[PDB]
Amino acid sequence: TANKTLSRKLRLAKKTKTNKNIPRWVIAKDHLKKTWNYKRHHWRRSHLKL
Amino acid sequence: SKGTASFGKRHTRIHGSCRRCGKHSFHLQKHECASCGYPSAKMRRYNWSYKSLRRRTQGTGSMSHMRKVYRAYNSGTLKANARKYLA
Amino acid sequence: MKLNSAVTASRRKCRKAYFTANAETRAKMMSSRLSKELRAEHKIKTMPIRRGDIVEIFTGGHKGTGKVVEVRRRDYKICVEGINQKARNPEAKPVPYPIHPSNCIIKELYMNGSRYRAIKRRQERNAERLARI
RNA sequence: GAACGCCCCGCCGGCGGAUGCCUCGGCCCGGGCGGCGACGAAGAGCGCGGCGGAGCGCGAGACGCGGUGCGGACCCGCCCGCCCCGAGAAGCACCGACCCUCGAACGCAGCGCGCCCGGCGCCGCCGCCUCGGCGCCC
RNA sequence: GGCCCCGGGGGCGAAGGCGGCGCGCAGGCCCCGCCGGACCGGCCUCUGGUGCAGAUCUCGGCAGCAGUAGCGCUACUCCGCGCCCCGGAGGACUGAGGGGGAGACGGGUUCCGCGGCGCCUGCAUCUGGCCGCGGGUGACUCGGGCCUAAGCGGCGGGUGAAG
RNA sequence: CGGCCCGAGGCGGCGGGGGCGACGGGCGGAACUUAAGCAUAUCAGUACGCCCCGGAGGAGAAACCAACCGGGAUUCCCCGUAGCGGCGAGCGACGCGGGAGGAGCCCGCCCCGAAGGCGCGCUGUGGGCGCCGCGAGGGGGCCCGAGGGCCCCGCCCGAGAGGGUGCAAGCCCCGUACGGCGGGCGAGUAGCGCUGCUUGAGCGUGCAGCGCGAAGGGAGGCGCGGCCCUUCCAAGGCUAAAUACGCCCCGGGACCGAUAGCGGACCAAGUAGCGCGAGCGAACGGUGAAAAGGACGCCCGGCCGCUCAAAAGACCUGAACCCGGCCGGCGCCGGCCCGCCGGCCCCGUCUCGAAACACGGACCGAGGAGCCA
Ligand SMILES: [K+]
Ligand SMILES: [K+]
Ligand SMILES: [K+]
Ligand SMILES: [K+]
Ligand SMILES: [K+]
Ligand SMILES: [K+]
Ligand SMILES: [K+]
Ligand SMILES: [K+]
Ligand SMILES: [K+]
Ligand SMILES: [K+]
Ligand SMILES: [K+]
Ligand SMILES: [K+]
Ligand SMILES: [K+]
Ligand SMILES: [K+]
Ligand SMILES: [K+]
Ligand SMILES: [K+]
Ligand SMILES: [K+]
Ligand SMILES: [K+]
Ligand SMILES: [K+]
Ligand SMILES: [K+]
Ligand SMILES: [K+]
Ligand SMILES: [K+]
Ligand SMILES: [K+]
Ligand SMILES: [K+]
Ligand SMILES: [K+]
Ligand SMILES: [K+]
Ligand SMILES: [K+]
Ligand SMILES: [K+]
Ligand SMILES: [K+]
Ligand SMILES: [K+]
Ligand SMILES: [K+]
Ligand SMILES: [K+]
Ligand SMILES: [K+]
Ligand SMILES: [K+]
Ligand SMILES: [Mg+2]
Ligand SMILES: [Mg+2]
Ligand SMILES: [Mg+2]
Ligand SMILES: [Mg+2]
Ligand SMILES: [Mg+2]
Ligand SMILES: [Mg+2]
Ligand SMILES: [Mg+2]
Ligand SMILES: [Mg+2]
Ligand SMILES: [Mg+2]
Ligand SMILES: [Mg+2]
Ligand SMILES: [Mg+2]
Ligand SMILES: [Mg+2]
Ligand SMILES: [Mg+2]
Ligand SMILES: [Mg+2]
Ligand SMILES: [Mg+2]
Ligand SMILES: [Mg+2]
Ligand SMILES: [Mg+2]
Ligand SMILES: [Mg+2]
Ligand SMILES: [Mg+2]
Ligand SMILES: [Mg+2]
Ligand SMILES: [Mg+2]
Ligand SMILES: [Mg+2]
Ligand SMILES: [Mg+2]
Ligand SMILES: [Mg+2]
Ligand SMILES: [Mg+2]
Ligand SMILES: [Mg+2]
């Protein structure tokens, strides 16, 4: 909606910011083979209830 | 038309975010939480669901204060501090 | 036979303690025997390995001698100078084959203020035991 | 007839993940312990790393700060930094502080507003200040 | 739990796997060759979550069928190295209750620029609401904050074993 | 106008509120089920809902039990039938006896009256286990990618519990055994009548509502009235121990070994994902001793080949079902060396009777049902 409360805006803002890949130097640093962050989401198939 | 067509009439929010437990369970029209019971002063807890009890309880969070008090008692100096005071 | 009942003799717990050890325990667990020449001079049997010592290797497929360039405490291994993986090119860099400290014997020790004192601390306790016995 | 199909006289390839061996995990019994909170708990939200998503941890002093002891060469990548008879990396134990919003949750509301220039919630006990009554009397 | 005559068999190759002889009425057992790469037992006594073809059994893999059944909204063509993308020229459509221009609710970054084709775009792709990297929403006058509607709370107290 | 009585607003110091899958205390309170039906009964004074503490809690120093040549507060352990009941199905205490542990006291009333905790009080105060640290003792020869292997000779042992280390280690390394620090006696009561629940309690085991309401009283496992005997003093209060238990830490096991064992062995499980919500809830362990994680060259991804004991190359081993290439051939039993002759309906099941036009079953793997008290 274009008319949203600041409290809903802030919780939506955090899901946008943390929706990221693992950095590549972290993959070298921590010696990882699983490289996908499975807590990511995509707007077409998500149901963020926030 | 009680099936697929009826589902296209949904553009409402029944529940929102609770200020106490954080879940998508606060009824916006009754002003009550269906998870923790807010604005009641006590927490909603039922013995007919022990799985619901283990999901949110003591220990599933930080325990930030209780952790420090126990380690001071078990191996720190707190049991000495009571003897000076309780005299 | 063990008598102390606060000490586990369970394989699962012992293996978990070799991993997940803190860093001060891991350093002690990476010890090696002193040579006979240093055993007479310092009156001590083993020492914890350290970056700067000279070691004589046996029992392995990479026998030799050299200085300790690195300590891989997570692996419980040490990299010695001159003991490398057989390389591909004639130019390319060396690659250290990592050695377990118990396959080594120390020939000369790195010395500083703390290492002199910890030796002397350890001789006086070993003389308490030699007076009790 | 050939080919397709089928059997295997044998030699090789696929697809799949059984069997065997392995185990920082479970389960059972026993012994300890029995230690939260208006001095703001349990729980929730948001934020914090030089390059930083998750989880652990921490709170605008934020991936930690100080003090006493101990320890004595490292700090998973790229860098920084430390290096010495003390100059002090990893690690450990106790102690002193910091401690954003919501929550028993405390000026009202839940994100917007006040009264007053310290501040400003409810109940109860003991005292104290200021008072009411054609209660009993003077 | 025991024994296995200088203290049972093992990298001079354990368990398992694939073929092939033998022994036993049989359940089954033993040996050899190849594979594999670290553990395994014969006899006596003890113990049990101890033997599968079926239960419209449970979970996992997977065949024939089979290159089979199948892929509303009038429509594209020529040239540009040319893709359903872009350009120019032509031919058509939606037909002002619009396949147009904008808000409310819901969604939550889908918006923009540059790059790109591993996934997706049930055909293709050089396209893209897909993937990587940077960015982006400015109010005395617009709305929210204020007022009250239908309602909903609160109120010395009242009631109920309490909630 | 002051005092006392009964109230109101404010201020200061102090206390309360919420939290827990156990154990503990107080209330409300089922139905499935069994009776081969079903109402009383049973399940069960249980599930679940509400309230309240603690490290334990509750209970407790006889208005007790008994019938003896007697015991003597409470709790816990061992031991065993009176009775209740459509007298059906079912249900069910206790004393004596043996042990663990053991501990006893107060207020009211009465006497003295402010002697007290003194802005109060004469409507009565006061007295009668965990923290430190040392820590012994093996070589030589064959062999392997690598010696913890094989052969032959020794040492330590208050230490041959065990973990690590390139392959089975007392003597390669950490530990293990042997030790130091802190250390004069209770009234709307007891009892009784009527009614509801509860108990083995049976003409009443315990509780309660309402009506009535004592003075010496209560009890003695069958009611009422009378006489004795035996034994206690209700209607007020405190109290250690022996007993019970999750979370969390510590040790142990004839337990499970990745479809098992917790739902959860995997840097991110009550997670990802699903539901308006209450709530539901997975799957996924293993390269090698060392990342040494793939040289040089040739064609335009492939070939050749490099590391390594080995590709083990995205990973241990790698079965079945099913499939592709090369090579050979055209269902079970029996005889013969071999494609002829002879015999042969689809199993499991219920059923007098199944090849049945009776039902289940495409195929393959792993799991899968008489155990325990
Ligand atoms: K907007
Ligand atoms: K969406
Ligand atoms: K419909
Ligand atoms: K609600
Ligand atoms: K078909
Ligand atoms: K593009
Ligand atoms: K009441
Ligand atoms: K009941
Ligand atoms: K019932
Ligand atoms: K019935
Ligand atoms: K019944
Ligand atoms: K009955
Ligand atoms: K009944
Ligand atoms: K009956
Ligand atoms: K006793
Ligand atoms: K070694
Ligand atoms: K009375
Ligand atoms: K009465
Ligand atoms: K009864
Ligand atoms: K009776
Ligand atoms: K009455
Ligand atoms: K009698
Ligand atoms: K009786
Ligand atoms: K009687
Ligand atoms: K599971
Ligand atoms: K049947
Ligand atoms: K039948
Ligand atoms: K029949
Ligand atoms: K049949
Ligand atoms: K038939
Ligand atoms: K047939
Ligand atoms: K039949
Ligand atoms: K039929
Ligand atoms: K059939
Ligand atoms: Mg309907
Ligand atoms: Mg509504
Ligand atoms: Mg993070
Ligand atoms: Mg507040
Ligand atoms: Mg078993
Ligand atoms: Mg079985
Ligand atoms: Mg089967
Ligand atoms: Mg037209
Ligand atoms: Mg775009
Ligand atoms: Mg396509
Ligand atoms: Mg205006
Ligand atoms: Mg006050
Ligand atoms: Mg039942
Ligand atoms: Mg019945
Ligand atoms: Mg029946
Ligand atoms: Mg019935
Ligand atoms: Mg009963
Ligand atoms: Mg008590
Ligand atoms: Mg009854
Ligand atoms: Mg009491
Ligand atoms: Mg499992
Ligand atoms: Mg393999
Ligand atoms: Mg029948
Ligand atoms: Mg049938
Ligand atoms: Mg069928
Ligand atoms: Mg099976």
Side-chain angles (χ1 to χ4, degrees), chain A residues 1 3 5-7 10-12 14-16 18-23 25-26 28-32 37-40 43-44 48, chain B residues 11-15 18-22 25 27 34-35 38 41-43 47-61 63 65-66 69-70 72-78, chain C residues 1-12 14-20 22-24 27-33 46 50-51 59-61 71 73-74 76 85-86 88-89 95 97-98 100-103 112-118 122 125-126 128-129 132-133:
Chain A
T1 182
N3 307 283
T5 68
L6 180 67
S7 285
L10 287 170
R11 293 196 68 173
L12 286 183
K14 186 204 183 186
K15 301 287 287 172
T16 296
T18 67
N19 196 16
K20 291 185 157 64
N21 290 330
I22 317 189
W25 58 271
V26 168
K29 179 180 93 63
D30 287 308
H31 281 81
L32 303 175
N37 176 26
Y38 54 72
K39 297 215 165 159
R40 300 201 66 182
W43 64 274
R44 252 200 285 93
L48 272 49
Chain B
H11 54 259
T12 309
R13 312 199 293 113
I14 311 306
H15 297 84
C18 181
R19 77 161 76 182
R20 187 160 79 180
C21 73
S25 308
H27 202 284
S35 187
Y38 184 81
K42 52 184 178 164
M43 308 286 299
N47 293 312
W48 41 258
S49 187
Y50 62 70
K51 275 162 70 153
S52 158
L53 294 176
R54 47 153 99 132
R55 288 186 182 109
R56 180 180 60 233
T57 175
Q58 192 195 105
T60 66
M63 295 273 287
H65 176 81
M66 275 181 75
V69 173
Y70 280 48
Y73 194 94
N74 291 18
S75 347
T77 74
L78 195 60
Chain C
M1 186 57 227
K2 197 195 51 173
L3 264 41
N4 192 6
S5 308
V7 177
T8 37
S10 145
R11 176 180 176 83
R12 173 181 176 184
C14 288
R15 274 175 58 81
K16 185 170 170 71
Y18 180 69
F19 314 103
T20 79
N22 69 32
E24 190 171 359
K28 192 41 169 46
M29 294 194 297
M30 289 179 64
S31 296
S32 67
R33 185 170 288 179
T46 65
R50 190 212 196 274
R51 170 168 51 87
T59 203
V71 185
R73 289 186 166 175
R74 288 170 180 271
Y76 298 94
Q85 296 275 34
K86 186 201 105 192
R88 295 179 181 256
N89 295 12
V95 213
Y97 179 78
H100 189 266
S102 66
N103 296 324
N112 67 344
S114 287
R115 214 127 123 117
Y116 274 112
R117 291 190 297 261
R122 183 166 160 171
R125 285 158 191 172
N126 205 36
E128 284 169 3
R129 166 187 183 84
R132 197 191 72 244
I133 291 289

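Chain letters run A, B, ... following the sequence lines, proteins first and then strands; every chain starts at 1.
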task: With the thresholds 5.5 Å for ring-centre distance and 30 degrees for plane angle, say whether the bases of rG135(F) and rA136(F) stack.
output: no

message: I'd like the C1' distance from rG367(F) over to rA311(F), given in whole Å.
response: 35 Å

message: Check this for me: does the side-chain of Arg54(B) come within 3.5 Å of the base of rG21(F) through a donor and an acceptor?
response: yes

task: Indicate whether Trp43(A) forms a stack on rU109(E); treat it as stacked only if centroid distance is below 5.5 angstrom and interplanar angle below 30 degrees.
output: no

field: Pairwise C1' distance for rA369(F) and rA53(E), with rounding to whole Å
entry: 16 Å

- prompt: Can you find a side chain N or O atom of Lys28(C) that sits less than 4.0 Å from OP1 or OP2 on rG72(D)?
  reply: no

task: Would you give a per-nucleotide map of nucleotides 99-114 of chain D, 5' to 3', where B means the base has a protein non-hydrogen atom under 4.0 Å away, S means only the sugar-phosphate does, and - means neither?
output: ---SSS-----BB---

- request: Describe the nucleic acid contact of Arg11(C) in one word from base, sugar-phosphate, nothing, applying a heavy-atom distance below 4.0 Å.
  value: sugar-phosphate

query: With distance as the sole criterion, do the side chain of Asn112(C) and the base of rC84(D) form a donor-acceptor contact below 3.5 Å?
result: no

message: Roughly how many Å apart are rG102(F) and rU230(F), using the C1' atom of each and rounding to a whole number?
response: 30 Å

statement: Checking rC20(F), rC105(E), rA290(F) against the side chain of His11(B) (C-beta onward), the nearest is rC105(E)

message: With hydrogens left out and only the distance checked, is there a donor-acceptor pair under 3.5 Å joining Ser114(C)'s side chain and the base of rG88(D)?
response: yes

query: Of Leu53(B) and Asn47(B), whose closest RNA chain F nucleotide lies nearer the 5' terminus?
result: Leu53(B)

message: Whether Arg73(C) contacts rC76(D) is assessed here as follows: a side-chain N or O lying under 4.0 Å from the phosphate OP1 or OP2. Is that the case?
response: no

- prompt: Looking for any heavy atom pair under 4.0 Å, which part of the strands does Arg40(A) touch: base, sugar-phosphate only, or nothing?
  reply: sugar-phosphate

message: Over all strands shown, is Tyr18(C) touching base, sugar-phosphate only, or nothing at heavy-atom distances under 4.0 angstrom?
response: sugar-phosphate

query: Ignoring hydrogens and angles, are the base of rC296(F) and the side chain of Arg88(C) linked by a donor-acceptor pair under 3.5 Å?
result: no

- prompt: Is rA201(F) base-paired to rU307(F), counting Watson-Crick or G-U wobble with both distances below 3.5 Å?
  reply: no

statement: RNA chain F nearest-nucleotide lookup for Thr46(C) and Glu128(C): closer to the 5′ end is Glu128(C)

message: With the cut-offs of 5.5 Å between six-membered ring centres and 30° between planes, do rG132(E) and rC133(E) count as stacked?
response: yes

- request: Quick one: closest heavy-atom pair of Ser32(C) and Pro101(C), and the distance?
  value: CB-O, 3.3 Å

task: State whether the distance check finds a donor on one side and an acceptor on the other, under 3.5 Å, for side chain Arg129(C) versus base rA177(F).
output: yes

query: Is it true that the neighbouring bases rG273(F) and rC274(F) have six-membered rings whose centres sit under 5.5 Å apart and whose planes meet at under 30°?
result: yes

- request: Determine: side-chain N/O of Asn103(C) to OP1/OP2 of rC173(F), distance under 4.0 Å, yes or no.
  value: no

message: Nearest to the side chain of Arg13(B), heavy atoms from C-beta on, is which of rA177(F), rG107(E), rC51(D)?
response: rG107(E)

task: Go through the N and O atoms of the side chain of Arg55(B) and the base of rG279(F), and report whether any donor-acceptor pair is under 3.5 Å.
output: no

field: P-based separation of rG64(D) from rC276(F) [nearest Å]
entry: 44 Å

- prompt: Taking atom types as they are modelled, is there a donor-acceptor pair under 3.5 Å from the base of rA289(F) to the side chain of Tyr97(C)?
  reply: yes

message: Across nucleotides 137-155 of chain F, 5' to 3', mark each nucleotide with B, S or - according to how protein heavy atoms within less than 4.0 Å reach it.
response: B--------SSS-------

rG107(E) on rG106(E): ring centroids within less than 5.5 Å and planes tilted under 30°: yes

message: Taking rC359(F) first: does it form a Watson-Crick or wobble pair with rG348(F), both atom distances below 3.5 Å?
response: yes

query: Given the rule that a pair is Watson-Crick or G-U wobble with both distances under 3.5 Å, how would you write RNA chain D in dot-bracket, using | for pairs to a different strand?
result: ....|||..|||||.....|||..||.|||||.|.|......((((.(..[.....).).....((.(((...(..]...).........))).))...)))....((...))((...)).||.|||||||||.|||.

message: Tell me yes or no: do the six-membered rings of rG145(E) and its strand neighbour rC146(E) sit under 5.5 Å apart at centre, with planes under 30°?
response: no

query: Under 3.5 Å for both distances, do we get a Watson-Crick or G-U wobble pair between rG263(F) and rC118(F)?
result: no

task: Give a yes or no on whether a donor-acceptor pair under 3.5 Å exists between the nucleobase atoms of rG91(D), that is its base, and the side chain of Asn22(C).
output: no

